[PDB]
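Form deposited in one PDB entry, single chain, as C-alpha cells, below.
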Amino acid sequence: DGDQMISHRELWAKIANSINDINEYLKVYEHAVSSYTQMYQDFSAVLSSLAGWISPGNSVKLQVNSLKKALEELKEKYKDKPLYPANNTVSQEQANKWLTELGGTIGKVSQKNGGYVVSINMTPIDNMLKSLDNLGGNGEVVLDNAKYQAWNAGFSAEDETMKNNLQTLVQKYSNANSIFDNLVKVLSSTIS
C-alpha cells in the first residue's frame, strides 16, 4: 500500500504544479486589488472635484448634474471590470467562494455570459446617486449650511468606507504573499 515508489523527478513535477496553482491564486488577489485601487482612485477624483462644483447660494448651491454625471460615468466604467476572474467567467458557487474570501462588502456577484463573476460592489456609488436625487430640483439645488454639512459627511463616510475596504484587501494580498513565500521556502528547504 505504502510501498509504492516515486522518483525525486516526479516530486518536483508535483511541486511545480502546486506552485502554479498558488500563483494564479495570487494573481486573482493581485488583479482584485488593482481594479479596486483604480475604482477608488477615480472616486477620490470625484471628491476632489467637488470643491469646484459647489458655490454660495449663508447657504451653498450644489451642481447636482455635474456630480451625478461623474458618478454615472464611474459606475459605467466599472460595469465590465470585475474583481474576478478578469476574463471569461466561473460558476455561481465559485464566485460566492471568492466573494466570501475577498469580503462581502467589497465585491458583488453578477452574471455576464451564462456564468457568474464577482463585479466591483458599487453600493457606495449607488448610495451617492440616490442621496443626490432626494435633493429635489432640476440642475442645482440650494441647501443650508447644516444640511450640506450632513450630506457632505455621508459623502466622506462612503469615501472612507472604500478607503478601509481597500486597505484590508491589500492586507490580505500581502498576507497571502508571505504565506506563499515561506511555503515555497519550506518545500525547497526539505529536498535540499
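Just count from 1 along the sequence shown to find any residue number. What we label the rigid core is the largest C-alpha set whose atoms superpose within 1.5 Å from one form to the other. Shifts are known only where both forms have a C-alpha.
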Scan the PDB entry between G154 and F155 and report the missing deposited residues as one of none, 1 to 3, 4 to 9, 10 or more.
-> none
Per the PDB entry, mean CA B-factor is higher for 66-74 or 139-147, namely for 139-147
Compared with the other modelled residues in the chain, in which third is the CA B-factor of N121?
-> lowest
Select lowest, middle or highest to describe the third in which the CA B-factor of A45 falls within its chain in this entry.
-> lowest
For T161, does the deposited CA B-factor place it in the lowest, middle or highest third of the chain?
-> middle
Going by what the PDB entry lists, where does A51 fall on CA B-factor within its chain: lowest, middle or highest third?
-> middle
Compared with the other modelled residues in the chain, in which third is the CA B-factor of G115?
-> highest
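Heads up, the form deposited in another entry isn't pictured, but that's what we're talking about next.
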On a core-based superposition, does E10 travel 2 Å or more at its Cα between the shown form and the other one?
-> yes
Could you list, in sequence order, the stretches of three or more consecutive residues moving 2 angstroms or more at Cα between the shown form and the other one on a rigid core superposition?
-> 1-13
